[PDB]
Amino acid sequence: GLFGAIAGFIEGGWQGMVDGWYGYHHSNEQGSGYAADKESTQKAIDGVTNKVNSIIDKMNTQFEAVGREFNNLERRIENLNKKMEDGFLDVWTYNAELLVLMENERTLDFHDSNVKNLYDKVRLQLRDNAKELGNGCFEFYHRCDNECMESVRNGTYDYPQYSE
């Protein structure tokens, strides 16, 4: 994708994370486990829901065909009528199909961006205290227990403390 995260430097997604769209996998002394990021997942649900609602609402005042009848000596206006109604149906079919294609592309890049932003959020916190493997994971230099792992997810990691 545009942002290089999904199926990029993060090679695949996790079956193990059912809790949200984006999150963390930790592994320490206390154990290992998946944890979805609440903030980014919620933001994305909102963005995607609003998008869906917007698409429907813009198509809300669309053309509606009406039955009109013409006699044998009114073929010209009958044909004019047909091409008019077909004309608007073709315009709105185009509008609906193209909008879905374009917004689908944007939706996939939106998730890709969210994953990259989440990765950067952790990177800018950990800095020198972690080794960057290049696959979405950070190898700690200092030991980080369950409470230490939580401060990273919260965005309250205290760098000066773990300097060592």
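In this text, the rigid core denotes the largest set of C-alpha atoms whose superposition between the two forms falls within 1.5 Å. All residue numbers refer to positions in the sequence shown, first residue = 1.
Asks: Please pick 103-111 or 129-137, whichever has its Cα atoms farther from the shown form in 6 other deposited structures of this protein after a rigid core fit.
Replies: Most displaced of the pair in 6 other deposited structures of this protein: 129-137.
Asks: With the rigid core held as the alignment frame, decide whether 18-26 or 139-147 lies farther from the shown form in 6 other deposited structures of this protein, in terms of RMS C-alpha distance.
Replies: Higher average C-alpha offset in 6 other deposited structures of this protein goes to 139-147.
Asks: Looking at the deposited entry, does 27-35 or 121-129 carry the larger mean Cα B-factor?
Replies: Averaged over C-alpha atoms, the B-factors run higher in 27-35.
Asks: Output the stretch having the higher mean C-alpha B factor in the entry; the candidates are 41-49 and 94-102.
Replies: Looking at the recorded C-alpha B-factors, 41-49 comes out higher on average.
Asks: Consider only the C-alpha atoms of the modelled residues in this chain, order them by B-factor as the entry records it, and name the third containing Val115: lowest, middle or highest.
Replies: CA B-factor rank for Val115: lowest third.
Asks: Is the Cα B-factor recorded for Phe70 in the lowest, middle or highest third of its chain?
Replies: Tercile = lowest for this residue's CA B-factor.
Asks: Classify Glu139 as lowest, middle or highest third according to the C-alpha B-factor given in the PDB entry, relative to its own chain.
Replies: Highest third, going by the recorded CA B-factors of the chain.
Asks: Divide the modelled residues of the chain into thirds by Cα B-factor and specify which third, lowest, middle or highest, holds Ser54.
Replies: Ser54: CA B-factor falls in the middle third of its chain.
Asks: Can you tell me which third, lowest, middle or highest, the CA B-factor of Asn60 falls into for its chain?
Replies: Tercile = highest for this residue's CA B-factor.
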